[PDB]
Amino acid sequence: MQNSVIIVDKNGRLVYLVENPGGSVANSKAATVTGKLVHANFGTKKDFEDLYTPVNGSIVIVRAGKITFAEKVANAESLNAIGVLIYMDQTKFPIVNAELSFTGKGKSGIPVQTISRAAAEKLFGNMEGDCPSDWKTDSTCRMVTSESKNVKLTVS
């Protein structure tokens, strides 16, 4: 299956298959990107200001809420992110029929994929850094992938 999120080594070879998500983000660009994965909470501008790790060239994972998916992606894109992962912490069930409205430049320049909660926790288990307490996130939450690992996103 193409639509997939994979944890790869520095050669791009699979180390863990995180998910082959069933749903597909409407209006997302088709691309295969690889980079460090960075948690940006809800993807609001304040959350990105809260980051200590550079967004430039990384894949961003945000949870649903507060703002539209498009606003999250636009915030990540503005900071030179290469891709976005969206999940829901409140339930195990997937985001159904994800769609992007229009903000900023009016089109999503970077690939966007929704993933299940179990997939996100799979990613957090392979990431480093405890999430800020003000985020009120689950204890599983983690901020960044370590040096040893990178995430590969393949969309549509």
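Numbers for residues come from their place in the sequence shown, where the first is 1.
- Legend: mean Cα B-factor per stretch from the PDB entry, 101 to 109 versus 86 to 94; the higher mean is in 101 to 109.
- As the entry records it, the average C-alpha temperature factor is higher for 127 to 135, out of 127 to 135 and 58 to 66.
- Among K36, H39, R117, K29, the highest C-alpha B-factor recorded in the PDB entry belongs to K29.
- Placement of the Cα temperature factor of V18 within the chain: middle third of the modelled residues, per the deposited record.
- When the modelled residues of the chain are ordered by C-alpha B-factor, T154 sits in the middle third.
- Among the modelled residues of its chain, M1 has a C-alpha B-factor that falls in the highest third, as given in the PDB entry.
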